[PDB]
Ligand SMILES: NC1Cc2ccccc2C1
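Before any questions on how it binds or moves, here is one chain, the form deposited without the named molecule, in structure tokens.
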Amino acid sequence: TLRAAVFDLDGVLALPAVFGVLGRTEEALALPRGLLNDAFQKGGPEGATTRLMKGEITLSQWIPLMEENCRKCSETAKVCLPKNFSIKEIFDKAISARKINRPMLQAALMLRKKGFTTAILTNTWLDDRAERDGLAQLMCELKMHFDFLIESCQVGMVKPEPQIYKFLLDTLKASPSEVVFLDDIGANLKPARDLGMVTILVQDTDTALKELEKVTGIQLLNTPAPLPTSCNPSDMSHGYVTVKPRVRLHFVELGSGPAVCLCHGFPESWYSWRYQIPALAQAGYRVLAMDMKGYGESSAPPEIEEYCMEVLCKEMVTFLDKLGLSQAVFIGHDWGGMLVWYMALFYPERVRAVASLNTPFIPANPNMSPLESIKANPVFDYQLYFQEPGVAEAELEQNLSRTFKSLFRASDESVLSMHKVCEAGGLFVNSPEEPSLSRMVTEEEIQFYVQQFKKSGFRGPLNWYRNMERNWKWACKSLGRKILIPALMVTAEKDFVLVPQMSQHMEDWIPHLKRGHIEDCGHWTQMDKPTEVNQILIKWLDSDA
């Protein structure tokens, strides 16, 4: 009975195989068949290639030895190599052209999701080329999806020597019969088979996967589109910045490149961006996913004034100062979306680009009190219920699991009405004691929000809604201004509070505004439609930021 799946890198998890390049070069340069491939394996287990794969020497040390072997091979079959022939050039292009075989990775992901131990076993080299980062990036993207990465050059062993196979089984802590081993090389498959492992010769991916699903009893082909990679909180780099004596800001950080600051809404967490963090980091960005003031591991002072937009923005500017960041792209959702428009209006020099999910930019009305404005729209009734200190705190803090289960629902799910909340006497008055689990969240993810909210509760989060007059007065100072830096407004079709039509006049204040629209998407944009959020943000980031 199987419980472990092992995959080769070249020709299995990564395509095209860096092996089929010697053949391609021979054909392209009208060279004798197998000429370059012979020079590659010259001397068998004692030759340059075996020493390279065992980690005795590095790739840059192997390059001149492979070149020598290429000449000695051309000498025997009495032929001549083109004057411009370069092994480095051939390998640089081959490695660079080699990409992840996505359906193979999807299959490995699915097997691991069903309780399988997954491993990459590969004959590889110590890459010291000036262009080594390309493959380093590829190994990083691949490895985090597996339990083990066994590299020949790191272990000093090589396929097909049987010591690497016994090493593999020892790291797996499994008997060969419990192991599937996928390889594109027949000779490297053989020792795994003669040990009693289930084996698959990988030519085309589809056939290999049909064999893989027939042998495991798990559907791997024609499976629904998977969700993007999520975050395991304990596997993240956690950052902490003191923005003032009593205020510390917590953030999760992933990636390299331009700084992208993610600002969640109410009542959320850095974890609300779990599906965006790995995707945006993979797209070449330095992701800084915040626990906004009043949330999770960030400080939560009790005072209402501590949560007005002016202080929140100033604190975010200090956060940039302390991290040594002259700018960051600011991406917000809900209350975070509102902060992010105010960062752009008051601190444009600190904002590389501004993006908002669901939250529109609506200039303050200087001829009307904000309380009047909120009352003029039935959907903003929840904001009036949030005004009285302690009332919403008691209801929201009573049963944390019920709070998040009731709040975090997709549009098709029996969502709370944000209409007549004051009259009804609360948010969950017509809601069950034991809400069903939404398809957007697992029980474990709900328990993360529960644990996070146990520290400070809902006072600080609710205080974001308790500065309407203060924020209105501050916003009125910006009435003559326009947002002229790169900006993205993402609308969610089925958000019945932050409705897409509320964003219709934004071009009057943001003329160069770019847009995105997510159909069949509720209020919780990031978890409702993660794939499309990532697609819209990456595309906008690569074009404008």
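Don't overthink the numbering: it's just position in the shown sequence, from 1.
The protein also exists as the form solved in complex with the named molecule; that form is not presented, and the subsequent description refers to it.
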item: 400, 169, 195, 309 - the one with a heavy atom within 4.5 Å of the named molecule in the deposited bound form; value: 309
item: 139, 111, 475, 164 - the one with a heavy atom within 4.5 Å of the named molecule in the deposited bound form; value: 475
item: Proximity to the named molecule in the deposited bound form (heavy atom, within 4.5 Å), stretch among 224-232, 336-344, 82-90, 126-134; value: 336-344
item: Non-hydrogen atom contact residue 118 with the named molecule in the deposited bound form at 4.5 angstroms; value: no
item: Non-hydrogen atom contact residue 364 with the named molecule in the deposited bound form at 4.5 angstroms; value: yes
item: 4.5 angstroms heavy atom contact with the named molecule in the deposited bound form for residue 471; value: yes
